[PDB]
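Chain order of the listed sequences is A, B, C, D, E and F.
Counting with the numbering used here, you get residues 2 to 157 for the letters of the first sequence.
Counting with the numbering used here, you get residues 3 to 64 for the letters of the second sequence.
Counting with the numbering used here, you get residues 4 to 81 for the letters of the third sequence.
Counting with the numbering used here, you get residues 413 to 585 for the letters of the fourth sequence.
Counting with the numbering used here, you get residues 402 to 605 for the letters of the fifth sequence.
Counting with the numbering used here, you get residues 205 to 360 for the letters of the sixth sequence.
Reading through the structure tokens given below for one structure.
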Amino acid sequence: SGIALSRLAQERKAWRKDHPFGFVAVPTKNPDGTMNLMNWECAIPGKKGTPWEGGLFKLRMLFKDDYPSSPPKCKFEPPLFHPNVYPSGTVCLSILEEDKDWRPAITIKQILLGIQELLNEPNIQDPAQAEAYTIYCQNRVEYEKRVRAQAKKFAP
Amino acid sequence: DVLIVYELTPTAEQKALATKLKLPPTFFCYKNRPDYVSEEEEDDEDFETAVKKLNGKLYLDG
Amino acid sequence: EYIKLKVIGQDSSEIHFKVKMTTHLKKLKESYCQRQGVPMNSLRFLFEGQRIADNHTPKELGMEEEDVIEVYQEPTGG
Amino acid sequence: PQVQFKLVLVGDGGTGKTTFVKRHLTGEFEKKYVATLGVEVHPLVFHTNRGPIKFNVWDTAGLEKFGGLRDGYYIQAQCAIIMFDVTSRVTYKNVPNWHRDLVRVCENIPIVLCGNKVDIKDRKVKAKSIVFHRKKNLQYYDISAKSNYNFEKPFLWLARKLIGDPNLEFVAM
Amino acid sequence: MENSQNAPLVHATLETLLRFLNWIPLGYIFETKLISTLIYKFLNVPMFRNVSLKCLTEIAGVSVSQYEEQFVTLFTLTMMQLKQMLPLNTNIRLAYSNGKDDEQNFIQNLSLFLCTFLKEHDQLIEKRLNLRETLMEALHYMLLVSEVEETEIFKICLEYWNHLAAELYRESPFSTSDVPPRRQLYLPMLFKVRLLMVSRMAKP
Amino acid sequence: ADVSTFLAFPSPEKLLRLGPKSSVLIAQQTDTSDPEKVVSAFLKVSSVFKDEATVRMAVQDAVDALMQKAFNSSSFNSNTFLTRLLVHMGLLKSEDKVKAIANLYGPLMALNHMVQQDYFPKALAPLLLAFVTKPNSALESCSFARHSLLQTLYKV
Ligand SMILES: Nc1nc2c(ncn2[C@@H]2O[C@H](COP(=O)(O)OP(=O)(O)OP(=O)(O)O)[C@@H](O)[C@H]2O)c(=O)[nH]1
Ligand SMILES: [Mg+2]
Numbered sequence: 002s003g004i005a006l007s008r009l010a011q012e013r014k015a016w017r018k019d020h021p022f023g024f025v026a027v028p029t030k031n032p033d034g035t036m037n038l039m040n041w042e043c044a045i046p047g048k049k050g051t052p053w054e055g056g057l058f059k060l061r062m063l064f065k066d067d068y069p070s071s072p073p074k075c076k077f078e079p080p081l082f083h084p085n086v087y088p089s090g091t092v093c094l095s096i097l098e099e100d101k102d103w104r105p106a107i108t109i110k111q112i113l114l115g116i117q118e119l120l121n122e123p124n125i126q127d128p129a130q131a132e133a134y135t136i137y138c139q140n141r142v143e144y145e146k147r148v149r150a151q152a153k154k155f156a157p
Numbered sequence: 003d004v005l006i007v008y009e010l011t012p013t014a015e016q017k018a019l020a021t022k023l024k025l026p027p028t029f030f031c032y033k034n035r036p037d038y039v040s041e042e043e044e045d046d047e048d049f050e051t052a053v054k055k056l057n058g059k060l061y062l063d064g
Numbered sequence: 004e005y006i007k008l009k010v011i012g013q014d015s016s017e018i019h020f021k022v023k024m025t026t027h028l029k030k031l032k033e034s035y036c037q038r039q040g041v042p043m044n045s046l047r048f049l050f051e052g053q054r055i056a057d058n059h060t061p062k063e064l065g066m067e068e069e070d071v072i073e074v075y076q077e078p079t080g081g
Numbered sequence: 413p414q415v416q417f418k419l420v421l422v423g424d425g426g427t428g429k430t431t432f433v434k435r436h437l438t439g440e441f442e443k444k445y446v447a448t449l450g451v452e453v454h455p456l457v458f459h460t461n462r463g464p465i466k467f468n469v470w471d472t473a474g475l476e477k478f479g480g481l482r483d484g485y486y487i488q489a490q491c492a493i494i495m496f497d498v499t500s501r502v503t504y505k506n507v508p509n510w511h512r513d514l515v516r517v518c519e520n521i522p523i524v525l526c527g528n529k530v531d532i533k534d535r536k537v538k539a540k541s542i543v544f545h546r547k548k549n550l551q552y553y554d555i556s557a558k559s560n561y562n563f564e565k566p567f568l569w570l571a572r573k574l575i576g577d578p579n580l581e582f583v584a585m
Numbered sequence: 402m403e404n405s406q407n408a409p410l411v412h413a414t415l416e417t418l419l420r421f422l423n424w425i426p427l428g429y430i431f432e433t434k435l436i437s438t439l440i441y442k443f444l445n446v447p448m449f450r451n452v453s454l455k456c457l458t459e460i461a462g463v464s465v466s467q468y469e470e471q472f473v474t475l476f477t478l479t480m481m482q483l484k485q486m487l488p489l490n491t492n493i494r495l496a497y498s499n500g501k502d503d504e505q506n507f508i509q510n511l512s513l514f515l516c517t518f519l520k521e522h523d524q525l526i527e528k529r530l531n532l533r534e535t536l537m538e539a540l541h542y543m544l545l546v547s548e549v550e551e552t553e554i555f556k557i558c559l560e561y562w563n564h565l566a567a568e569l570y571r572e573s574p575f576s577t578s579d580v581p582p583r584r585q586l587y588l589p590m591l592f593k594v595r596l597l598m599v600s601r602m603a604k605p
Numbered sequence: 205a206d207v208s209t210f211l212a213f214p215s216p217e218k219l220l221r222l223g224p225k226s227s228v229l230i231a232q233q234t235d236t237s238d239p240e241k242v243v244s245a246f247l248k249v250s251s252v253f254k255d256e257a258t259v260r261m262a263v264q265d266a267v268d269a270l271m272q273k274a275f276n277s278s279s280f281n282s283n284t285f286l287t288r289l290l291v292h293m294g295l296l297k298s299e300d301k302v303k304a305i306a307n308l309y310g311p312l313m314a315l316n317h318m319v320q321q322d323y324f325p326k327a328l329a330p331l332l333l334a335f336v337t338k339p340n341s342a343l344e345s346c347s348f349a350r351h352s353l354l355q356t357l358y359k360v
């Protein structure tokens with residue numbers, strides 16, 4: 002019941018006091034004028050030294066009532082050009098996958114760091130969208146050029 | 003030989019709290035470090051303000 | 004011959020490990036993996052940016068005492 | 413003979429190129445090793461059922477000291493024999509280098525890989541280990557200048573390839 | 402290889418790719434569309450058969466576990482592209498006996514490719530049940546090429562035959578009755594190998 | 205009137221009974237505004253595909269009519285249709301796991317026929333090529349259809 006709200010509030014406190022440099026994990030305020038912990042708006046910086054560098058990508062995150070029993074649904078908004086991101090923007094990650102690598106120990110900070118490290122490590126063996134995978138396999142430098150173009154588009 | 007020197011551990015109260023929420027044992031270690039102050043409770047932060055605070059800088063430089 | 008090294012996990016966690024200059028690094032690796040009930044394959048270790056092999060030794064990179072080691076979790080997409 | 417073909421005989425030193433040419437030229441076996449200085453050109457004439465066939469064999473020097481105008485000896489060559497020694501592994505390990513030098517000048521010519529000295533009991537380069545000619549589509553023959561084993565097979569294959577007559581055979585006259 | 406319409410230029414590019422395949426990281430081979438391009442754009446063209454098959458043989462000789470579906474699709478696609486140019490009902494003996502040098506080189510390269518790929522990934526091919534017909538057709542090609550009266554080609558085929566016979570014997574050295582699971586696959590075609598060995602026996 | 209009844213449990217013989225009316229009855233009945241229904245209709249029509257000369261011609265003309273009516277619609281994104289088609293055939297994964305089909309012989313033959321028609325965009329060829337050369341167990345079952353489709357794709 003209150004376990005979900007307490008965990009969300011405590012991890013938000015921790016994020017405010019301690020969080021990685023360049024990330025944002027702001028929980029969107031409820032329309033009435035109070036905190037809405039279910040829906041979070043986050044910002045992930047493209048890892049430095051990679052074509053994704055120089056950009057800050059938004060990411061909405063929705064939690065369930067059974068959290069941390071079930072993982073949260075993460076959706077890039079607008080959707081990114083990545084092999085492992087669905088057209089609707091949902092991010093396919095094993096950690097976020099309920100039945101593969103989900104553990105209540107994992108927190109929002111670790112989820113965001115994993116997503117950041119996913120951007121430069123696409124899993125083309127099992128792609129999530131057709132356009133990104135096709136461009137990745139056909140011509141790699143075209144994929145890099147597209148990634149840089151969108152990063153410039155998504156730059157702060 | 004290969005051995006371990008020290009491993010951090012937070013306060014027992016935070017140990018119990020993490021157990022209650024099934025959080026990592028060392029989750030609360032942040033507040034047990036120096037230069038720690040009372041917990042401001044306003045959280046009047048919107049995504050726009052958080053983006054602005056970055057001031058267009060998000061990467062450390064050497 | 005026997006020096007301390009700092010390993011910084013992805014959970015704002017710092018750990019000090021005593022190691023020789025010739026002994027294999029993997030011995031430490033597994034330890035940090037079992038700290039949070041995690042297997043060896045899950046975690047990733049970086050020192051000075053590049054990746055550290057399991058069987059590598061600090062002698063090649065000349066890891067001085069109290070040097071900083073970063074640990075990342077490699078993600079698997081679907 | 414009017415039909416003349418240029419044959420380039422390459423390989424390491426001491427593998428038996430000069431002895432192999434001399435056996436055809438005069439039928440005598442040379443027992444002493446005198447290193448060739450540069451190149452020696454010897455005309456060999458065979459009598460096939462279709463007439464005389466002449467090879468102007470350019471027997472080169474396998475020692476690096478006596479190489480001479482090494483890759484300049486391969487210009488306008490029409491057939492080649494790369495010879496190594498079955499009693500010496502180093503000679504077989506160097507076949508790729510001779511083949512490289514040969515095909516950098518002569519893009520498409522018949523090539524025979526001859527493993528000489530097969531009459532010696534202590535054989536170091538075993539038959540199973542000779543697999544270079546496959547991906548290069550060369551012919552291969554175990555020969556022996558001392559025992560006349562497979563003596564004329566290299567020249568017979570080269571003549572069949574150059575003339576274009578698979579049913580060609582040598583008739584002594 | 403995907404825009405040029407100049408035959409010598411594309412042939413030179415393939416000839417250099419054949420050399421690059423010796424050392425380039427496997428990521429450039431199995432994580433792109435190189436295999437598909439070689440199989441469909443150049444393998445069927447008569448003037449690109451030999452070099453394309455050499456490139457495919459170089460690829461097939463790589464023994465690695467991280468890529469096993471690419472080897473599976475390297476086989477089925479190659480075999481399907483091979484029975485449209487070398488029909489199973491062809492008498493390779495007579496055809497090779499009176500044929501151009503290009504065709505003979507292609508036959509030798511095909512023997513090399515089949516021998517290499519089978520020796521490497523026979524286990525992978527056997528594991529998949531729906532690929533049984535393709536494996537049987539590859540063995541049929543190996544049997545057809547074993548009839549050619551060329552010593553080098555026959556040695557290339559014979560080394561694979563010896564490899565398979567030794568593997569089956571080491572599985573179970575007893576005469577057929579149950580039967581070992583791996584031996585049951587080759588039962589329909591082992592008498593053909595026995596007949597081949599009895600028919601072309603060499604002088605002792 | 206029985207077009208819906210056939211679509212419920214498609215069978216090779218039931219298609220024939222419609223006669224030449226099947227060319228436009230299938231196109232008219234199907235709702236082509238939403239690509240999901242277009243893909244479902246395409247799969248149902250091609251499931252009964254057979255090498256018999258009469259049946260294959262009926263299937264191919266029905267498919268041509270259905271796609272001609274589908275592709276000449278401004279409110280119809282082709283990429284969505286291709287992604288859904290790949291998802292249903294099992295070549296690609298989806299956010300909501302829609303159960304794949306068993307045999308791809310019919311769908312692959314219908315695609316091979318479609319690729320050679322004018323209305324088929326010249327921009328979806330690379331996606332089909334990438335996901336047909338993509339290794340998959342469901343594809344190796346039908347090697348001939350896959351090979352013919354790949355040859356057709358490499359033609360264009
Ligand atoms: N036992 C044995 N000895 C051989 C055979 N063929 C050649 N030899 C010996 O090998 C030695 C080297 O052969 P040569 O022809 O003189 O040397 P080469 O091939 O010309 O090499 P270079 O002159 O250095 O380029 C000779 O002295 C022969 O006695 C053979 O078939 N059997
Ligand atoms: Mg000499």
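Cβ coordinates follow ideal geometry from the N, Cα and C atoms, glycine included.
In the three-state reduction of the DSSP assignment, residue 73 of chain A falls in the coil class. Contact annotation: residue 286 of chain F and residue 331 of chain F have beta-carbon atoms nearer than 8 Å. A distance below 8 Å separates the beta carbons of residue 57 of chain A and residue 44 of chain A. Shortest gap from the CB of residue 480 of chain D to any heavy atom of ligand 1: 7 Å or more. With a threshold of 8 Å between beta carbons, residue 521 of chain E makes no contact with chain A. Using a cutoff of 7 Å, the CB of residue 471 of chain D counts as near ligand 2, since one of the ligand's heavy atoms is closer than that.
Straight across, the Cα-Cα distance linking residue 446 of chain D with residue 605 of chain E is about 38 Å. In this structure, the straight-line span from the alpha carbon of residue 344 of chain F to that of residue 334 of chain F is close to 15 Å. Collapsing the DSSP output to three states places residue 483 of chain D in a helix.
Nearest CB-CB separation between residue 515 of chain E and chain D: not below the 8 Å threshold. Contact check for residue 499 of chain D against residue 422 of chain D fails: the beta carbons are separated by 8 Å or more. Per DSSP, reduced to three states, the secondary structure at residue 16 of chain C is coil, with no helix or strand assignment. Of the candidates F:250, F:244, F:234, F:232, the residue whose Cα lies closest to the Cα of residue 219 of chain F is F:250.
Under the three-pair Cβ rule at 8 Å, the stretch 147-156 of chain A does not count as touching the stretch 93-111 of chain A. Judged by their CB atoms, residue 52 of chain A and residue 23 of chain A are not nearer to each other than the 8 Å cut-off. Assignment of residue 78 of chain A by DSSP, reduced to helix, strand and coil, places it in the coil class.
Exclusion of the five residues before and after residue 581 of chain D leaves 461 as the residues of its chain whose Cβ lies within less than 6 Å of its Cβ. The C-alpha of residue 415 of chain D is placed about 12 Å away from the C-alpha of residue 459 of chain D. Going by C-alpha positions, residue 229 of chain F is about 31 Å away from residue 336 of chain F.
Here the stretch 38-45 of chain B makes no contact with the stretch 35-52 of chain C; the two share fewer than three CB pairs at distances below 8 Å. For residue 510 of chain D, the CB contacts under 7 Å within the same chain, skipping 5 residues up- and downstream, are 422, 423, 494 in chain order. Counting the other CB atoms within 10 Å of its CB gives residue 404 of chain E a total below 16, which places it among the exposed residues. When DSSP states are grouped into helix, strand and coil, residue 524 of chain E belongs to the helix group. For residue 37 of chain C, no Cβ of chain A is located within less than 8 Å of the residue's own Cβ. Not a single heavy atom of ligand 1 lies less than 7 Å from the C-beta of residue 65 of chain C. Contact between the stretch 303-311 of chain F and the stretch 108-124 of chain A is absent: fewer than three C-beta pairs spanning the two stretches fall below 8 Å.
The C-beta of residue 553 of chain E comes closer than 8 Å to at least one C-beta of chain D.
Rounded to the nearest whole angstrom, the C-alpha separation of residue 126 of chain A and residue 316 of chain F is 25 Å.
Taking one beta carbon from each stretch, the stretch 505-521 of chain E and the stretch 458-469 of chain E have 3 or more pairs nearer than 8 Å; the two touch. In this structure, the alpha-carbon of residue 507 of chain D lies about 7 Å from that of residue 496 of chain D. DSSP places residue 536 of chain D in the coil class of the three-state scheme, outside both helix and strand.
Here residue 245 of chain F carries a helix assignment [DSSP, helix/strand/coil]. Secondary structure remark: continuous alpha helix (DSSP H) runs of at least 4 residues inside the stretch 36-72 of chain A: none found.
Between residue 534 of chain E and the set F:329, F:270, F:347, the nearest pair of CA atoms involves F:347. Among the CB atoms of chain E, none fall inside 8 Å of the CB of residue 151 of chain A. Sixteen is the threshold: when 16 or more other Cβ atoms of the shown chains lie within 10 Å of the Cβ of residue 245 of chain F, as they do, the residue is buried.
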